[PDB]
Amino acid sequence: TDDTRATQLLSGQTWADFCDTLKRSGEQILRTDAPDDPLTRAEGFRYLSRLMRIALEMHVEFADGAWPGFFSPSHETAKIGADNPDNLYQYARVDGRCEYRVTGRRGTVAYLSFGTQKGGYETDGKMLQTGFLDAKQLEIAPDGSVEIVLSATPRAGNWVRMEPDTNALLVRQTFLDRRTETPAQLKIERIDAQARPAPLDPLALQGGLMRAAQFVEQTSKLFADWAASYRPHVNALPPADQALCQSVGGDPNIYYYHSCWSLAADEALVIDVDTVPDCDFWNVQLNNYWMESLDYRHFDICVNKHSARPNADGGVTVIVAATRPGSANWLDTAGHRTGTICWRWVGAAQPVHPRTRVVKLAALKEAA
C-alpha cells in the first residue's frame, strides 16, 4: 500500500532497497556476454554511476508535473543509448493529464524536434512516443519567439499531442556546428498558474527513489542486450530495427544503424556510402560497449554532414582507427579494442546503407 511505502521511506528501508538495487545493477557490467577487457569493464561501472545521476534528476529532482523543468538526460559526462554528440538534449517530466507551455527564443540551431513519451526504461523498458513536432509543422512567430502547447486536448498553433499516460517531453537540438549555431532557449511551465509546491512528500520520494534505482538496472540491461545482439554482425553496420529504435525514444525523422566493432591496434574499419542522400542531417559516432559515445571533448569520435569531406565521386568514406590515415574522415578508437557504432540519416527519403571492411591501418597510410 501507500502507507507501507511511506513507512519504508521514513524508516530507511527504501534507502537500503535503493542502494541494493544500484548494487545489483553491477551484474549488467559483469555479464558474460559483455567484453571483459579492463577499459570496457572500468567504463561500465562509471557508466552505472552516470545512469544514477540522470535517474535522480529524472525521477527525484525534476519529476513534479506541477513544476516542470528541463534537465539534460545525456551530455558530456552522462550518456545513454548512443547519445548523439551533436545534440543538446533536454528532458522534462510532464503529466499527460495537464497542459504545458514551452516558450523562449528559437535561436539558430537548424534542427529542433519535440517528442512526448510515456512509460520509461524503469517501467516498461520503453519510451514509446505519444506526439511529435519538428520544423515541418512548427510556426515561428515574427519576433523570433517560440510558443508550443503540450496537451491531450487539441489546440491551435504549435500543439504537441499527449495521452493521459504521457510523462516526458524530449527535445533534440541537433547542431551542424556548435561554434556558430545558437541553441534555442526554452522554458516549460504549467498553463494554469500553480500555487507554490507542496513540501516533499514521503510517498512521492519513495516512488522517485525506486524508479531512479530501477532506471539504472533496466537501462544498462536494455542497451547491454542491444550491444550483445550485434555480435553476429561485428564490424558491419546493418540498418537497425527502426520500430525498435522508435520504441526506446528515437526521433521519427531519424533512420538508425547500430552495430558493434572490434579492432586490433594495427587494424582499421573502412566505412563507405557510395552516395549521400538528400537529408537535413547525418552523422556517425563511435561508442564504447555500453553505447556511450566516446569522449568527444578530447577525441574525434563523431563525424557529420558539416565535418565529413566527400570523395571526388560524391561518396563519403569514414575510417575507424587508432590514428588518422592521411586526411580521411576519422573516428578515433581512443584506446578501445571494442565498442559500438551508430550512423544516422535525418530526414532522408531514401537511406543509403554503409558498407564496411577491415584492413591493416598501415595499408591506408602507405596508400594515402
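Residue numbers here begin at 1 and follow the sequence given.
Once the C-alpha B-factors are averaged per stretch, 301-309 and 50-58 rank with 301-309 first. The mean Cα B-factor in the deposited entry runs higher for 261-269 than for the other of 261-269 and 200-208. For the set 251, 192, 95, 83, the PDB entry assigns the largest Cα B-factor to 192. Per the PDB record, 280 has a higher Cα B-factor than any other of 225, 295, 134, 280. Ranked by C-alpha B-factor against the other modelled residues of its chain, residue 244 falls in the middle third. Residue 217: CA B factor lies in the lowest third for its chain, per the PDB record. Residue 330: CA B factor lies in the highest third for its chain, per the PDB record. Per the PDB record, residue ranking by Cα B-factor puts residue 34 in the middle third of the chain. The deposited CA B-factor of residue 103 belongs to the middle third of values across its chain.
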